[PDB]
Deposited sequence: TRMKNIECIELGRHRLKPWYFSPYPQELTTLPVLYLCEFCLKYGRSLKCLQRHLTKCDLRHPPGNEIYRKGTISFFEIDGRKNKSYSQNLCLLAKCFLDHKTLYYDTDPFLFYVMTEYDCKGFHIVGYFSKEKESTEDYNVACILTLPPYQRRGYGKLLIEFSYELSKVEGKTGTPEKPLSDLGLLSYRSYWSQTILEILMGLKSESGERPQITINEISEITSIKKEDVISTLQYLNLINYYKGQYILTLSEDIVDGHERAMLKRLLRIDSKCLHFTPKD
């Protein structure tokens, strides 16, 4: 673990893990990040100078969802390489591993923001492989620490499933899940399935885009397993505001 402190807009962030930022930036008291383009540098003065030329004020890509103060921006990792590359460097501060951190081409990124009079503030994101042989509808998911324990993680997961629905597919997060990932998914899966509550798990899976194995591990967790004749038997996203084209 190499970076002790990150400043991102109004927040001080405390990394959990090593992230391969330039080695000369890993021995500083504070690594300064532009909160809009996620550019990193060695001092507050260069940041203030930067903020003078930095146009953005939100993430790149297209604003495919907006409801109240919450937006989602869809960002092609190939079309917006330096932003996505900067996002991955930050994300790795809170991820145990991040495979292919340096190559953002294979991925889409869904960045969730909170809007106020100062701009669109990055709250968290999830990535997704453009092509997955394993039907992984999320590769990495993150809520930045200042926003954690507030329902944002479950909102990101819900949005990931809304995308799968439009694609007419079931999806599942990339494995292995971190323990924080599993706690979040378990909670989202549980609330979704109870909300549905006779129905078959095939029907649950078709309605929610959740893989059957995930519905089963969840009913197991909820002590709601009922195996009958070969068969298992039992902050929100408004999908009208979603404008997504697979």
- Note on the structure: Per the record, the structure omits deposited positions 1-3, 201-211, 249-266, 279-280
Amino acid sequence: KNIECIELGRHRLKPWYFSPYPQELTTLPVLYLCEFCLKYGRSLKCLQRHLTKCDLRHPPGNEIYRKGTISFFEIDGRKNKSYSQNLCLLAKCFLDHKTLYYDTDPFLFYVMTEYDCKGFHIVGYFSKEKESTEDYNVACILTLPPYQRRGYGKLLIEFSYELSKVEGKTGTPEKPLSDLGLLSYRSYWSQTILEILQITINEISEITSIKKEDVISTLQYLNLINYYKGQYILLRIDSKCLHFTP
From here on, numbers count along this sequence of modelled residues.
- With reference to the PDB entry, specify whether the mean Cα temperature factor is higher for 32-40 or for 198-206. 198-206
- Using only the Cα atoms and their B-factors as the entry lists them, report which of 166-174 and 138-146 averages higher. 166-174
- Message: If I read the C-alpha B-factors straight from the PDB entry, which of 215, 70, 54, 183 is highest?
- Response: 54
- Item | Chain third (lowest, middle, highest) by recorded CA B-factor, residue given as residue 117 | highest
- Query: Once the chain's modelled residues are ordered by C-alpha B factor and cut into thirds, is residue 127 in the lowest, middle or highest one?
  - Reply: lowest
- Task: Quick one: classify residue 21 as lowest, middle or highest third of the chain based on its Cα B-factor.
- Result: middle
- Message: Taking only the Cα B-factors deposited for this chain, tell me whether residue 229 sits in the lowest, middle or highest third.
- Response: highest
- Task: Just say lowest, middle or highest third for the CA B-factor of residue 189 relative to the other modelled residues in its chain.
- Result: lowest
